Structures are given as C-alpha cells and as structure tokens.
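Take a look at the following structure, please.
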Amino acid sequence: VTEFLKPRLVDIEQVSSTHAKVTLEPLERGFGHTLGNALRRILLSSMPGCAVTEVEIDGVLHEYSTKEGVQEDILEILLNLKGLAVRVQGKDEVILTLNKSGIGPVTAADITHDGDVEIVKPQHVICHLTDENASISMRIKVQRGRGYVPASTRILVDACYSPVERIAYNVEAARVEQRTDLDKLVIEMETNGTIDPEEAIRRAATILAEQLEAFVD
Amino acid sequence: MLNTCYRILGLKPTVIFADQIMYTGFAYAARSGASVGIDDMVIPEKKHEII
Amino acid sequence: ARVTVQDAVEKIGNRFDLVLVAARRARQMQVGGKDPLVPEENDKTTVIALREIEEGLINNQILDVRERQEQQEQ
Amino acid sequence: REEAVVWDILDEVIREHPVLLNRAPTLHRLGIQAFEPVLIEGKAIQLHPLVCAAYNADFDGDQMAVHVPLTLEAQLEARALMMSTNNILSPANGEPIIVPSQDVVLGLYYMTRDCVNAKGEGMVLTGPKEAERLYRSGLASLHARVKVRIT
Amino acid sequence: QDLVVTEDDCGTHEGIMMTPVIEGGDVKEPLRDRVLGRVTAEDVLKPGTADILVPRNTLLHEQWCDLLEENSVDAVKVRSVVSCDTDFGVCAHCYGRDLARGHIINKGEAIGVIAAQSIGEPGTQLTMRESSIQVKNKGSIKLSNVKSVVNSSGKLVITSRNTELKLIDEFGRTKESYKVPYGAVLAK
Amino acid sequence: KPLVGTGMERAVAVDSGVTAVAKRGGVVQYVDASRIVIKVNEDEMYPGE
Amino acid sequence: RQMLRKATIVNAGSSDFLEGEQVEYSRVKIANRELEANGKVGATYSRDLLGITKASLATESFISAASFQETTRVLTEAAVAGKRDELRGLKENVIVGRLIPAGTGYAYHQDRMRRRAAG
Amino acid sequence: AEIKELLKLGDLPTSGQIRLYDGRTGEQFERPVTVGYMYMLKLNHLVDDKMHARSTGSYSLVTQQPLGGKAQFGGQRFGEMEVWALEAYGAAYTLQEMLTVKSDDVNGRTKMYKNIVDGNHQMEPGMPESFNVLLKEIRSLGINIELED
Amino acid sequence: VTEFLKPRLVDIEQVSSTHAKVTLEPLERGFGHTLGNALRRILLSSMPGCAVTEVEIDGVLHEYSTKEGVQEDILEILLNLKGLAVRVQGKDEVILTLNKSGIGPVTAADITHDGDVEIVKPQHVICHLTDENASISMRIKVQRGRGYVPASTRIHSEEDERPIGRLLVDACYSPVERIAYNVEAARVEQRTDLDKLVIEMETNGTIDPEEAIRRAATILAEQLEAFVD
C-alpha cells in the first residue's frame, strides 16, 4: 500500500577520474525516470562550487588586443583561466597575481599559492607560450557561488561555480518475478574533476532531503 | 556525411554515430515540436486574378 | 555482446575461413578438454572464441599445430 | 508452471542467442536480418527504426518471420553474414543503405537552423555548456551567429 | 543459378572499353563511377605520351579515379565478366567488390546469385505508358569520319549519312554528338 | 457520439433497421430493461386493439 | 553473359560435326586438343544468344532443366540421354541438400573435393 | 473563418496553437502547437488475433506436414522468393537446415531433438529423404544409374 | 545550502469535498518543477486509497445479466457504480452493499455505508428497479489499494475461491490520479527572487489532500536520499 522501493544497486563504473557512469537498481515505476530527470536538472541548473570569474591584466582593456609576441590572445588566456575550478577553502572570492620568466610552458602552479587559493590540476595551462621574456601580472579572481552565472552580464571571462561538464541519464528495464516493468535509472557523465561521484551524489541527496522536510512538514 | 564517414573511419564508429543520430534526432524532434495547421498553408490570392 | 566483427576479419581476410576456424574452436571449447586463453566475461563459447581469434592468438595454423602436438604426445 | 527460474534460464540462453527476423513479401536481400533479441512484454515485435526501409514496409500490419540458428554453424553464419551490424550499404548498387529517412533528419536540420537571430544570438562560447543554456535558458538553435571555439 | 566465384584472375588481355555516358544533351553518366569498383588491363596510361597512369592489374581504390579525372580520360579497356579467361565463373580479377566487401569478392561467392534480383528489384516501375540544331557551349566539330563532297553552296556536303559531331571544349570531355544525316550541310 | 458530425448518422441509424422504432405509439408506460410497454393513445390506438 | 551459351559451329575441326555446343565446352576442347595434341584439329564455332525460356531448356544437371516448366518430356529426354546431373548446380546440391558450393559449403565441398582428391 | 470566430467565442486561439509542458522533463516546448479531440476507432484485425507461434505442432494427412483446416500451431511455410533470397545469402548451412529441419518428415525429428537435448546441434546430410523415396520410385528403381560417389 | 530558505505550505485551499489547492512559500528555480513532478508522482500513483475488489449477488453471478427491474446489467452496474467511489477506514477490505426495494430512483442511501464504509455522493444513476416485485441487493467489497491492475490477477489466489457466484473485481488504483504542480516566480522580496509551488490535487474521496502532500513529499525525501550510495 505505501511500502515504497528505492534504487538500491548504486554500482558505478568510472572510466577515469573524468569519465564514469552510475546505475540505479530496479525500483518502482516512474521513480527511476522522473528521478533521473530531476537529478540531472539539479546537477546542471544548480551546483555548489567555486572557480575563477575574471582577471585584470596590464594593458588595454579591449578584447580585440594584440598578442604582441605572447602568442596567447586575451580569449586564450581567459579561457585557460576560467575552466579551472580555482578553489578557496572558507573565504570569499580570492584574488591572485602572477609573474614569472619566459619559459613558455604555462601551467596552473605559478600563481601565488595562497592559504586558501588552490587548483586541482597544477599543470592546467593559463596562457600560450610566447616569443620573448617580459613579465606581467595576471591578477585574476576565484569566486564561489550558487549554481552557475554567466560572464556576459556578470562582467567578465567566465564563472564556473557549477562543476558539471556533460551529463546524461538512461532508463533500463528489469523484472522482479514475472513483471518486467522496472524502469531503472542510470546516469553517465564526463567532467573536469574535484567532486567525488559518491560525495557529489551525497551532497545532492542531502540538499534535496533537507529541503523536502517542509512541504510534507 | 554518412558516406564520407564510412569512407574515412570504419564500421563500428559508423554504427555508433548512426544510433546516436537516431536518438538525438528523436530528442530534437520532441524538443521543437513544430505543429501544422490550416494557416501553416497560406494560399497566395494572385491566381484569383491571373486564372 | 559483440557488436561488430572486424578485427577477426582483418586477422583472416578471406571472410569465409574465419567462420570455419571459429566453429572448430567453439566446438572444442564446448565439448571440453580445452581452456579459454582469453579471460571470459560470462559469455558463451562463440563470442569467446571469436574475441580470442580477433586478438591474434587463434587461427588456422596454431590450432593445427596444437592438435598435432596433442596427438603425438599420446 | 512458468517459474522465475524458467524466465531466468530463457533470458540467460537468449543472452547468448540472437535470432533472425524477416519480411513476408520478399524482394531484396535486406528482407532478412539478424539481431540480438531482447525480451518484450508486448504482442508484436519492435524493429529498430534503422532498417525500417530495409524491411520494405512502413509500420503497417505485417507478421514477420522468426529464425533460430540451431546449428552452431547456423549461428556463426547468421551473426557473421546475416548480421545487420554487418549489412551497411545497399549491396545492389553499393549505396550506403543505413540512412535516416524519418524525422531523425528533420531534427538534424532543425538543429542547424535559425530564423534570423533568436534570444542571445550574439552569445559567444566554448562548448561544454551550450546544452546547459539551451535546455534551461540563454540560447536556442533558432539563434544565429553564436561564436564558438571548435576543437 | 550458374554464377560462382572460382577464378582469381583472368590472365587475359581481353577486356571491354568503358566511356562516360554522354547521352542526349550531355554526359548522362560521368565515367567516374562506372568502373571505380573495376580493375583494368594494361590500358592504364597517362594522357601524355610515354606517360603511364596506372599498371596492368590495378583496382582504383579511390585515388586512381581522381588521378584519371586529372587526365580527362573518359574511356579505358578494363577487365570485366565473360572476358574473364575462366570459362566457368570468372576472374576475381573480373568480378569486383560491388558490395560491403571493401575487399574484392571472396572466392566461392556467386555474384549472379546476388544478381538475378537486383534487376528484379524495383518492380515499382511503369509499363503501359537535322534542322533544329543548337550547341551547348564552346566546342569542336569532331565529325567522326563524315564523308565530305562538293556541295551547291560554299561548304562540304555530308556524303555519308553517318555524320556525327562531338563537342570538344578544352579537353577530351565531350558535350553532345548532334549527328546529322547525309543531307546536312556544314553551316560551321 | 463522436463530437464532429455530418448530419447523416441519425437518419442512417433510422434506416439501419438495428435500433428500435415506435410505431403508432403515444406514451410508454411499463419499461423493463427487456420489455417496453407503450400505452398507445386512442387516436393511435386502433379499435379492436 | 548468361544470356548466351551452347554456341553454334560450322567446322568439325576433328572435334564434332554438330551445332549448339557450349562455347566454353568447345573452347576447352580446342585448348586441350589444339595446343596439347592437334592444332590442326580446329573446329569453327559461331557463338549466339537467345531467349530466356529456351536457354532455360539448356542445362547440365538432368535433374535440373526438368522441374523448370515441365519434365515428363524432359524425363523421356534425359532417360534417352541416360545422363547424370553429376551434382552440377548449387540448386542441385540443394536438391540433394549437399554443400551448395557456396560459402562454407563450397570449401566444405572443396574439402569434400579434398576428400575426393585422394579418395 | 467561422471556425476561428468560434474559437474566439469558445475562448480558444483562432489559430488554435498553444504551448505545452513536457511530461518527462517539464521543459517548455517552443513553437506552440494546436491540439483538439480527433475521432478514433479500432480495426477488426486484432493483435491477439494476429499473434501465433509454433515450433513443433501436429501434422496433417497429406505429405506428413502440419495442417488440416485447424488454427493450431499455424506457421506460414517458407517462400519460393524467400528461398531464392535465402540461397542468395549463401547460408548453405542455414538453408540446408531449413530444408533439413523445417517441414514434415518427423523421421529425423527424433535425431534433432536428441541432438538438441544433448546440445549436439548436429544434422546428417543423408538424402532428400523424399528423393530417397523418389529412388523408391525410379520407375520402381528402373532408373538407378545413380553413381553415388 | 547557503541561505536555502526552506519554505512551508501556506493557504492550502479546499474548494470541494473531492479536491484541494495548496499554495506554498517560494523556492528556487531549476528545482521546483522537478520537486512538483516527484510530488505528483508519489501522490497519484503510489496512492493509498479505496476501490472495489469483489462483487456478488445471490441471483446475479459473474455473467453480465440485468437484475430484476434494474435497467443496467452486471457489467453495466459495475460501470455505473464506477462513476463514484466508496470509503473504508484505516482498515481495508471493507464492504458496501447497495440494496433497495420499490421503483423509485436508485441512489446510495440504501447502500451499506458504515463508520468504516462511508458515502459522500449518494444519488448516482444506479439503474433503479422498474418491476415492483423486484428488490435489488448487490454487495461490493470495497478495499484499499495503491496501483492499477486487472481482474485475472486474482485468479491464482481465488481458484478454489471465486466459485460460481463470487465476482472478482479489478481497478486502476491511483487514489490521487490528478494533481497539478505549478512553479512560478513569486513570494520572494528580500532575498533572491524565488519560485512558489501550487498543488491542485484531487481525489474521489478516498484520502485527504494535505495528507497526500505529506505522503508524497516524504517519499520524495526518501528516494531523494537514496542517490547517496
């Protein structure tokens, strides 16, 4: 009458740290499918996290600038900065600046390693190699927010608060004893990193269960 | 595109692409909708004189 | 299950002797006395034999050599 | 008695056992194909809209033929030769048979189409979240001139 | 019920000449597809003299088509059925691939078995139902052995009823024949 | 009745000879789910009936 | 290519003074006779093509060319021939159910031929 | 035009198009569509009526094959066009089985059942058993030049 | 969380005895639609209500035969009654019994309506008797259930049971079977503009609407957490 089943088999197979797929056990009808829809809509349209937003480099502020030997235009450097989920432990958005030699190999560790400012992949290029040896200040900022917000209206490069890259859900069929009407759920994804899959699933389930105590009261 | 793919790539990627294509096509078709009605056909009145 | 069969075709080429080799291998694998050199994944002898052939370990020569060696060892 | 173990045995045996399905009126070699059966709680077999043309029918009423390769060689031949996963091009003239003629193409076209310029037509991006915006808000396919770095 | 794959090659220089189908107004069928899945004889030579285009026994995988198109070559003497010096079945050097076999036809095959239906395939067919001359574009005459005799006017009358032109614009590619009878008078 | 009509259905059912018609009747008195008794008015009740 | 067979001839050429002989049969006879033994054994042949119904009558397997449209007359004819179908066509190997010399059966038949090689 | 006026009078769009909310993911679908109530009716041919299966049923009185004006274990026999096409596949084993299992002579039925139960999945070419019977014929064996090799 | 502003239901309206409309305080976007979806699912499909499982009459067996006087037959009576619904207590497997004598209109007053068998819509078209000698008495077992099913399901459980005379009855069992979840952007002024959700739920009387809201959202939390593993 009211004994409600749930997806018990939560076995997840990960191709790498950036490729994985989790599955749900055969549950009640309409729960795997609608639940998968809700979960994907959640992990996309709202995801808790912190990352870079924009930078303040020395020179002209126009996007149509010259490489001037940097061989890295403003778009190249800004993109190589923005997709890095630059993280601050408990503080608000943290500003960092950098200045180094002209090796050319641009990575993510040359920034001033602050108490709270950190990067998951220290080899993440933030710029393209140059043809000279001058120095300059990056002066970028890493912010934390709710879900994700664009940079076209929230100027300036990109603010990747939601750490989700590509998500999909599929529904399979499973029987119990004679009836196969078990529309089981599974979700497959590829990502950038730093969010453990079971941990992220736990965070989502926790937000959902902690808020769903009111409409039922 | 399919022919070029079969020329270049091979059979397995071809099957994968075709299946994903059927799926994505159904997806977009359910997404746009794009109904049809009488007004979706608008007859020019010019022939009314020309005839 | 195996979706496409192309590697075994490249290992055979004739597209006809492959079926005979896979059959003469699966027959032995099903009747007994043999052991799958490829780690099985809860699959039947047909796909196992076919993947072992596509891997580059079973053909119309190694099988005959092994059969002759087993017959001479009696 | 039709126990669960009966169904489990049936599934396990079929899990390694594909079948062949064929059209009643017989014209082309494309009229018979081999597919990996999946059990169905229906009354009429569902065919992948892939070879719908290859069946030379149009989702109208027809009973199709079922064939089981009792010989091991029969199985080898069907999965090898009668494989639809093998039958790709129209072997008559060589033309690639596998061709979406149903609304799959319609969606493919509507995806790469734009009336004049929709909301956020001028938006410029990199690729990972275009569907994130389109599914929720920010841009549409009927948008035009959206810059995007392409890898 | 006779056709079967048994002979790998013909070994016979005997072959057939294939040219683009310039039918009606223009090329009803370009000679870029008619033999792509064909292997020719030693006839492969480049349009330049003492320049060869391809070897004796060769299958135009994909680039010999483009290379020959670079030569504007329309016809070639190629291996084919019947002429397959086999007298039972044919040369596999005279059968091609013509199906998903991206390789040439395998032995023991019966192409005629695959045949005998492809003709019968589209049964959706239908049954039961020298004065006005215009040229297509720039071209040459190519009267193709038309007998010229003294005419009443200042030209050469066609003493042969088998007078057929051919439009050569810049190379061997032709546009139209526009054959005219013996009663035609060369207006050009 | 399907909502959209052409007007022919009622007359067709009349000519279908499958429904039940009321021949020279005035008032239906006793209706059983199998037996229908109609009291024909004396104008429609012929003499001797 | 099928549309012609059983070629017409003029010169016996030490082969035979007949007409309508298989062009391939004549060619094989000439090759095995002219180059091998008697080049002067040179028989003139005129190849021809005809209608589908008629050449339908022309077949090697006496079992074949019998069921086609009728066999009773063909029965008389083959009996007079006392000929052997010899297991000629693939449809013949089907009639016997034998390895139709196609696909795996071909090589199988060829393996049978291999078995038929030494005996 | 009267229809459009009625739709206005019926508090409905004159075009009739209207947006929809998805029943699976609930995303607003662009291009508002028109809907209505269309008349539907079913056909006399029934799916349960169509459904049929048989693998081993009852044979009829003529030629040991299954039949006899009974809707039991019904099974369309193979097609001559279908047989030609099946040969065109070149599946000589499969075709040889269809002509070696798929019909009437239950004589090797026991062998087939025993092999399948053993999982042997094996058959013997033998003779068209019926052409062995046609030898029984042979003008009463009158024609037996049969040089079996 | 981050100022999650967990809301609460407010101004839940009940227009009639067979539906309700619940308003709620605002919440976020990109979740309110999904939450409403899950709620409608758990309230309508896995819905603890009541329906009719067994029928009987001494003179009326399984065969669709019209009762004396009663215009409708057994199948027809089943249909006409199906347009209504009946109540059982916290205990299921209640029984209502519609019995009436005379020729007047047939309604639910002369039907077994108890403290654990309750009636709200008591004047249905119930094929009143037309013959005076008739006195109809049909008994419908009204039990409690959750999900749609046919009558052949109970064949195995009632084989030596369901003898010649006992009618086994089926149902579609979605005791809500209608609940609309609407997410709009309102009820947020001080913080981020937020989406408030409205539930237009409706039953045939089997259960209470706010009760269905609580049950559905409890299931929402339950299956919501299950994604943790």
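Worth pointing out:
Every chain is named by a letter (A, B, C, D, E, F, G, H and I) in the order it is written, and numbering of its residues begins at 1.
Here, a residue touches a chain if its C-beta (ideal position, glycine included) is under 8 Å from a C-beta of that chain, and two chains touch if they have at least 3 such contacts.
Across the assembly, the mean Cα position most removed from that of chain I is the one of G. With centres computed from CA atoms alone, D is the chain lying nearest the middle of all the protein shown. The greatest number of inter-chain C-beta pairs in contact is found between A-I. Averaging Cα coordinates per chain places chain D and chain I 41 Å apart. Chain centres here are Cα averages; for chain E and chain G they lie 32 Å apart. Distance from the chain C centre to the chain E centre is 46 Å, each centre being the mean of its Cα atoms. The multi-chain contact residues of chain I, meaning those touching 2 or more other chains, are 30, 33-34, 37. Listed for chain G are residues 90-91, 102-104, 106-107, each touching two or more other chains. Within chain F, not a single residue touches two or more of the remaining chains. Under the contact rule stated at the top, the pairs of chains that touch are A-D, A-H, A-I, B-C, B-D, B-H, C-D, C-E, C-G, D-E, D-G, D-H, E-G, E-H, F-H, F-I, G-H, H-I. Across the complex, chain C is touched by residues 103-104, 106-107 of chain G.
Considering their complex, residues 2-4 of chain F touch chain H. Against chain E, in their complex, chain D makes its touches with residues 27-29, 86-89, 91-94.
Against chain F, in their complex, chain I makes its touches with residues 66, 69-73, 127, 130-131. By the touch rule above, chain C contacts chain E in their complex via residues 13-16.
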